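Participant: pasting the first bit of my complex, frame unchanged:
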Amino acid sequence: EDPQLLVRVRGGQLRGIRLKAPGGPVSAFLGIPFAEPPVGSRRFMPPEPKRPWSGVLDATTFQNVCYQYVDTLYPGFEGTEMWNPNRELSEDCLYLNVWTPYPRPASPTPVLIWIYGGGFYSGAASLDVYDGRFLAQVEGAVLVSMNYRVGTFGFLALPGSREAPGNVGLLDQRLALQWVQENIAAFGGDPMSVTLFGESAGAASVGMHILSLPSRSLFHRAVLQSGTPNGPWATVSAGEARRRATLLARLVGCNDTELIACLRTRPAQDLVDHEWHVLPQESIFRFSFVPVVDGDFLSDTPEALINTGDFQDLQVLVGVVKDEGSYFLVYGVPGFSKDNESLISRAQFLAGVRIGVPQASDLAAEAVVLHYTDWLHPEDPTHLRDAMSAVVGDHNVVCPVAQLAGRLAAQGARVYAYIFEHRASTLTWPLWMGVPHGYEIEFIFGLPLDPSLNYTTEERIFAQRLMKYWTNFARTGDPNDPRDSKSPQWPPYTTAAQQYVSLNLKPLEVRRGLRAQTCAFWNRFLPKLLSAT
């Protein structure tokens, strides 16, 4: 019985496990319950605090993955499988994970809380790319990650109902944040220094905690990687939520109360089976059950809230990868495949645009095409392909990020911005996809430090740089190394200079304007164009 592995939290006693990181041991506490299992009558309901337990709870292994769709597009393919559930699926899934240095930190240590992505329909804190041992070992970080309900289980909403209020997945995350507040000190973590970081849907989730009053007291800093609360995919109106919920109910044979009761009787996989069929249009980068503007968790739309928010007390790190859009193209755009070079025709490009910008009117889609066309080579299939990617990436991540950055900086927040441009030597996707959505994560989490992974040593050095930025940000709200003079320095993003940095094997380079001209098209003109249909 290793005293270093025994912790007492408010709920009782836990036993962690000692894991080996390339440079030493870490204490891991996996599968810690933070809520009553949201099963049965609890389905679709706000989470409830875990009841206390007797004896010593085994916290040495990952718990179940929240019930979710499993990707089938390229069965057995490492590129897609790495995101799939690596534990048994279950609605009983509200557990979190904690890594600390071994032994337990001598003093209160800054906490990082990871919130995974997956379009709000998938994901798990137990994935390898979210392995927290490296950050704990090398940086001395206390690292927390929670499972939260996805798909219908987490976000199906009949706005105004008592039995399906919506946003319960976000409430899962918030409850976990509270748990950290009440318990993290027992692990040597500092409740007064908590940094949320997340990617994609996880980034959007972080964004929503920023925009929700009750979450404010639960964290001090935020990192949003490749995702925002604002933008086309992260939220839906009460009306659209109600619409999708009713439709899904109809699709499985089911007055709110009676409708939700009937839904509570269906095997989990029935709901998952019809989940994806409620989308209003043929689209990509669009998800069926996501946070809903309920006037509760979100008092108004994200755009409204970031436009009028006061972000004085806040530091934020935001950024994107070089090719945000590529990944999504193979999941709906004719002409695109991970197997060929996906060279496309102008006709396919126009077709692609209606799918990538599913809300676009004809004139808006034409506006897009004309903007993204290279009029020197309007038919070159290589640019047409890369343009299709750019359209999707810009529309969904880059410009929503540029907007958020601007609004936050303009309204009191300390903001740092990056673009991530290194393509993993070990990437299994085709070259034409470049640096795809999600492939900075393995570097931030420090995986290349594991020799058995076969990254280059430049990459191992690169990962070390990134873990430094992230953890320095967590410690101080400033990613800059306090010992390193000459680098150059990572400047804050401001509406004036609009500076951000490139993250790659070369040293920090400062650039100005985050796709400034094109995002202006998306952020300023496009809305006017659609408001006049």
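Facilitator: Cool, the structure landed. Residues are numbered from 1 along each chain as shown, chains lettered A, B, ... in the order given.
Participant: neighbours around residue A:76, how many?
Facilitator: 6 (other Cβ atoms under 10 Å). C-beta: built from backbone N, CA, C; applies to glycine.
Participant: gap between it and residue A:428?
Facilitator: 11 Å (Cβ to Cβ, to the nearest Å).
Participant: buried sites along the one helix or strand residue A:259 maps to?
Facilitator: Taking DSSP states H and E as the definition, residue A:259 sits inside helix A:256-263. Residues of helix A:256-263 classed as buried: A:256, A:259, A:260, A:263 (neighbour count, 16 or more other Cβ atoms under 10 Å).
Participant: and what of stretch A:512-527?
Facilitator: Of all the residues in stretch A:512-527, those buried under the rule 16+ other Cβ under 10 Å are A:514, A:515, A:518, A:519, A:521, A:522, A:523, A:526.
Participant: ranges for the strands of the stretch 251-400 of chain A?
Facilitator: Here the stretch 251-400 of chain A has its strands, by DSSP state E, counting those that start in this stretch, at A:315-321.
Participant: ditto for the stretch 51-200 of chain A
Facilitator: Applying DSSP E, counting those that start in this stretch to the stretch 51-200 of chain A gives strands spanning A:56-58, A:65-66, A:89-90, A:95-101, A:109-115, A:142-146, A:189-199.
Participant: which residues touch residue A:525?
Facilitator: Residue A:525 makes contacts with residue A:367, as judged by Cβ atoms under 8 Å, 6 or more residues apart in numbering.
Participant: quick one: it from residue A:10, how far?
Facilitator: Taken as Cβ to Cβ, the span from residue A:525 to residue A:10 is 53 Å.
Participant: then residue A:360?
Facilitator: In terms of Cβ to Cβ, residue A:360 sits 51 Å off from residue A:10.
Participant: of those two, which one has the most company?
Facilitator: For the pair residue A:360 and residue A:10, the greater number of neighbours falls to residue A:360 (21 against 11), based on other Cβ under 10 Å.
Participant: the helix holding residue A:259 packs against which elements?
Facilitator: The elements that helix A:256-263 packs onto, with contact taken as 3 or more Cβ pairs under 8 Å, 6 or more residues apart in numbering; DSSP states H and E, are helix A:238-251.
Participant: three-state assignment of residue A:524?
Facilitator: helix (DSSP: H, G, I helix; E, B strand; the rest coil).
Participant: I'd like the distance from stretch A:514-531 to the chain centre, please.
Facilitator: Remark: stretch A:514-531 is offset 24 Å from the chain centroid, using Cα atoms, centre = their mean, to the nearest Å.
Participant: repeat for stretch A:509-523
Facilitator: Relative to its chain's centre, stretch A:509-523 lies at 22 Å (Cα atoms, centre = their mean).
Participant: now swap in stretch A:375-392 and tell me
Facilitator: The answer for stretch A:375-392 is 28 Å, by Cα atoms, centre = their mean.
Participant: please apply the same query to stretch A:518-533.
Facilitator: 26 Å.
Participant: same question, stretch A:498-510
Facilitator: Centroid separation for stretch A:498-510 versus its chain: 22 Å, with Cα atoms, centre = their mean.
Participant: measure residue A:533 to residue A:360 for me?
Facilitator: For residue A:533 relative to residue A:360 (Cβ to Cβ), the value is 10 Å.
Participant: same check, this time on residue A:227
Facilitator: Noted for residue A:227: a distance of 21 Å to residue A:360, by Cβ to Cβ.
Participant: circling back: of all the strands of the stretch 51-200 of chain A, which lies closest to residue A:322?
Facilitator: Checking those against residue A:322 by Cβ to Cβ gives strand A:189-199 as the closest, at 14.8 Å.
Participant: add chain B to the structure above:
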Amino acid sequence: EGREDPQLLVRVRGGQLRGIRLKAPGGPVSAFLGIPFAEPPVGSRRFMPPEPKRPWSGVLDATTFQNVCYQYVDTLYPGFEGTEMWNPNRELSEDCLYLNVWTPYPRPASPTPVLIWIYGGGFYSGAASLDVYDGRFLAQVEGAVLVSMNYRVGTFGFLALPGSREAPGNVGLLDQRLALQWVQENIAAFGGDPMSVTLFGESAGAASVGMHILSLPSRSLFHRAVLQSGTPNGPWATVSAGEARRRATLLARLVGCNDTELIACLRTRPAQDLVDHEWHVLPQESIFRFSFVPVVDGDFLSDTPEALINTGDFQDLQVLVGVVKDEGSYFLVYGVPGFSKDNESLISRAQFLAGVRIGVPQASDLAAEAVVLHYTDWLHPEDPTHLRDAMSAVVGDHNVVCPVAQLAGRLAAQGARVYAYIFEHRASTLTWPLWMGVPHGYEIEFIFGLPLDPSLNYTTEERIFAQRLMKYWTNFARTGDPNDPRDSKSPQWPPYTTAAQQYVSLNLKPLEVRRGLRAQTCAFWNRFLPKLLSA
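Facilitator: Next up, chain B placed on what we already have:
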């Protein structure tokens, strides 16, 4: 005759002419100035198509420029050389339909390829007697036969009650055509080759050239065309029949005037009275818009220029087209608040938005926002210098560069051989401020070889540059190809094509080839904008 210079007596269809021996820097040229090609379009003939000049008795003296067609005179910067060079340099009169011929001296032995100049001036001004249109240099140095005609401008040349007999419209264009026919009948008498006629013009002159291309009855009158900073298509060169009718009736009202009766009243008004009111009939506050221009009459122009260039066949045709670096700057000082020739014209974002409404007068609010959004530098949205240069570009792109790009494209795609250029040399002698760069109209003096005149103060490099340009122009007149047949040691000028969209830079440095004429931005003006307005 008898004691006169035997080399200066020539007969044309209308009678005998006595020309004059002029001194060019490298020797004498023959000039025949103020030759009548039509009956004076005066009195009951005002607004009417031109009638051929009735033959005269004796020897018509052709030693001086004739009247300038009645027109408005610019008054923005009184006395300033930058504006005065364009102003009338002979008496204003409705009796103004005369043309000029320069030829080598003595005249050419074999048939010589002919260049016909058509001046610009927004269809409300201009004259073939201006110093910058002096044909002595092209005649002397290139041995060219050069012809320029006066044509009626403003109301006298373009007021139309479409469908009427007494004011059919486009008569200014008919003046031009009549002169082209005169060249066909008579130019051989000077040693000119009627079977090798090349039209060239700038601004409204270029658009005029463009319209002869688009008008069937003109087909047989020329073989090749140069369009400098102007096009038949675009926002300013034509008006609908409806808009012309609207403008004519409004002008009539402003001077106290059934088509027949209205026109009859207009014919009793002093010419000056029409000039004093012509500028008042424009639909909006604007720049680069002119009250009385060619109308789409379903006759001279069987359809809109846009339609005609889209569906036309242009095989047996070579065309040279191009623009200057700063097409728009000149126009800013004539109506965009914040702009002047006397300061740097650094403007605020607000003045930029206001300028866009003026420079794009037909734009709805959304289309204007589109323009502003496109031209804004979102790294420096409030920067006065960028906004000033952006305002120039908006005007330049909308009115010249993109209509030209549009035209070159259609022409090329449809049989024409097209060469394209951008002219980037700012004259050492320019009197406008540096911020205006290379303004609309300021390549002309080089094409005509004025820098060869020692007393003009051009640099030696400018002299040499002018010689190159005269070569390009005359080579194209001769062969439909600006390239020198011999000198292949000098860089070549590729034709413009839809595929490669190549054009050359014209400056003190040797020809340099470039690709795409504001392709990205012109896609906005040519493809997107139309669709945004119709919605």
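Participant: in light of the added chain B, please revisit the buried residues of stretch A:512-527.
Facilitator: Within stretch A:512-527, the residues scored as buried using 16 or more other Cβ atoms under 10 Å in any protein chain shown are A:513-516, A:518-526.
Participant: keep the residues you listed, but drop any that are not near chain B.
Facilitator: Among the buried residues of stretch A:512-527, the residues that sit close to chain B (Cβ under 8 Å from any Cβ of the partner chain) are A:513, A:516, A:519, A:520, A:521, A:524, A:525.
Participant: hmm, residue B:380 and the first one touching each other?
Facilitator: No: with contacts defined as Cβ atoms under 8 Å, residue A:513 does not count as touching residue B:380, sitting 9.4 Å away.
Participant: residue of the stretch 151-300 of chain A closest to chain B, please.
Facilitator: residue A:230 (18.3 Å; Cβ to the nearest Cβ).
Participant: for that residue, which non-adjacent residue is closest in space?
Facilitator: residue A:302 (4.3 Å; Cβ to Cβ, 6 or more residues apart in numbering or on different chains).
Participant: tell me the contacts of the one you found?
Facilitator: Under the criterion of Cβ atoms under 8 Å, 6 or more residues apart in numbering or on different chains, the neighbours of residue A:302 are A:207, A:208, A:211, A:228, A:229, A:230, A:231, A:234, A:235, A:293.
Participant: follow-up on the earlier one: narrow the ones next to chain B among the buried residues of stretch A:512-527 to those in helices?
Facilitator: Using DSSP state H, the members of these that fall in helices are A:516, A:519, A:520.
Participant: ok, the first one - contacts?
Facilitator: Contact criterion Cβ under 8 Å, 6+ apart gives A:402, A:498, B:378, B:379 as the residues in contact with residue A:516.
Participant: tally of neighbours for the first one?
Facilitator: In other words, residue A:402. The local packing of residue A:402 (other Cβ atoms under 10 Å in any protein chain shown) involves 28 other residues.
Participant: now do the same for it: helix, strand or coil?
Facilitator: Assigned by three-state DSSP, the conformation of residue A:402 is helix.
Participant: residues in contact with it?
Facilitator: A:514, A:515, A:516, A:519, A:523.
Participant: what sits against the last one?
Facilitator: With contact taken as Cβ under 8 Å, 6+ apart, residue A:523 is in contact with A:399, A:402, A:403.
Participant: point out the residues in the stretch 301-450 of chain A that sit beside chain B.
Facilitator: Counting by Cβ under 8 Å from any Cβ, the stretch 301-450 of chain A sits next to chain B at A:363, A:366, A:367, A:370, A:373, A:374, A:375, A:376.
Participant: from what I can see the third one touches residue A:529, true?
Facilitator: I take that to be residue A:367. Yes: assessed by Cβ under 8 Å, residue A:367 is found in contact with residue A:529 at 6.0 Å.
Participant: ok, the two, which is more surrounded?
Facilitator: For residue A:367 and residue A:529, the more surrounded residue by other Cβ under 10 Å is residue A:367, and the numbers stand at 24 against 21.
Participant: number of residues surrounding the residue of the stretch 1-150 of chain A found nearest chain B?
Facilitator: Closest approach between the stretch 1-150 of chain A and chain B, counting by Cβ to the nearest Cβ: residue A:117, at 28.9 Å. Counted with other Cβ under 10 Å, the neighbours of residue A:117 add up to 23.
Participant: wait, what's in contact with the residue nearest to it when sequence neighbours are not counted?
Facilitator: Leaving aside its sequence neighbours, residue A:117 sits nearest to residue A:200 (Cβ to Cβ, 6+ apart; 3.1 Å). Counting by Cβ under 8 Å, 6+ apart, residue A:200 touches A:117, A:118, A:119, A:225, A:226, A:227, A:437, A:438.
Participant: once you drop chain neighbours, what's closest to residue A:217?
Facilitator: The shortest distance from residue A:217 to any non-neighbouring residue, by Cβ to Cβ, 6+ apart, is to residue A:181 (7.9 Å).
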